[PDB]
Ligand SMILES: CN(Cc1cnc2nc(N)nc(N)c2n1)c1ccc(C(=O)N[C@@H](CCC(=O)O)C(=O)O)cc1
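First comes one chain, alone, set out as structure tokens in the form deposited without the named molecule.
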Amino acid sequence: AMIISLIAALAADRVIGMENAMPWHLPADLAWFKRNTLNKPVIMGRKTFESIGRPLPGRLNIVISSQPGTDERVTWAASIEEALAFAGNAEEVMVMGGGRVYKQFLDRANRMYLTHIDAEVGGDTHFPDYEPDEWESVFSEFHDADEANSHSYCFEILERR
């Protein structure tokens, strides 16, 4: 039943390291949905957690790591199966760990929030290949660069079909 959502910002197929903890650029007409996301558990890899520097507040943070935990404010898991088990009866879990975390969750995922950013350089990891027949682009919205948008981008919600 659980919504399992990959959230990522992309430069072509390269994952962008976003300054914001949540890697999205939400269009103005979806800003309302940010309020809905605030209680959802987040799952991320260790390197992503270290880049943020602290947990996202007001929600369960689950960090996947093969090393001892370094922050009692988050829940430490050794596998994606353990991470999902910790998420309990949450209606939606958001997965944002690096390319490897995305690849490991892809088969269980059933939603993606993808921010396709133009004129930005990606990082050193690639978003996993996913099968086009398996995923539907249910929502998409482009915005050009302007005085309030440093980069043009397209925000897309995919759902499994």
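Residue indices: 1-based, along the sequence shown. Think of the rigid core as the biggest set of C-alphas that the two forms share within 1.5 Å after superposition.
What comes next is about the form deposited with the named molecule bound, which is not displayed.
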| request: For the ligand-free chain shown, place the named molecule by superposition of the C-alphas around its site using the coordinates in the deposited bound form, and mark the site blocked if 3 or more ligand atoms sit within 2.4 Å of backbone or C-beta atoms, otherwise open. | output: blocked
| One residue of 125, 110, 65, 51 in contact with the named molecule, assessed in the deposited bound form (non-hydrogen atom, 4.5 angstroms) | 51
| request: Find out whether any non-hydrogen atom of residue 134 is located within 4.5 angstroms of the named molecule in the deposited bound form, and reply yes or no. | output: no
| Is residue 29 close enough to the named molecule in the deposited bound form to count, meaning some heavy atom within 4.5 Å? | yes
| task | Considering only heavy atoms, tell me if residue 59 and the named molecule come within 4.5 Å of each other in the deposited bound form. | result | yes
| task | Determine whether any heavy atom of residue 115 comes within 4.5 Å of a heavy atom of the named molecule in the deposited bound form, and answer yes or no. | result | yes
| query | Three residues, 93, 139 and 158; all within 4.5 Å of the named molecule in the deposited bound form via heavy atoms? | reply | no
| query | Quick one: once the rigid core is lined up, does residue 27 have its C-alpha move by 2 Å or more between this form and the one not shown? | reply | yes
| said: I want to check residue 36: does it shift between this form and the one not shown by 2 Å or more at the Cα, with the core superposed? | reply: yes
| said: For residue 124, does the CA position differ by 2 Å or more between this form and the one not shown when the superposition is done on the rigid core? | reply: yes
| task | Can you tell whether residue 118 sits closer to or farther from residue 21 in the deposited bound form than it does here, judged by CA atoms, where the change is 3 Å or more? | result | closer
| query | Given a CA distance change of at least 3 Å, are residue 25 and residue 114 closer or farther in the deposited bound form? | reply | farther
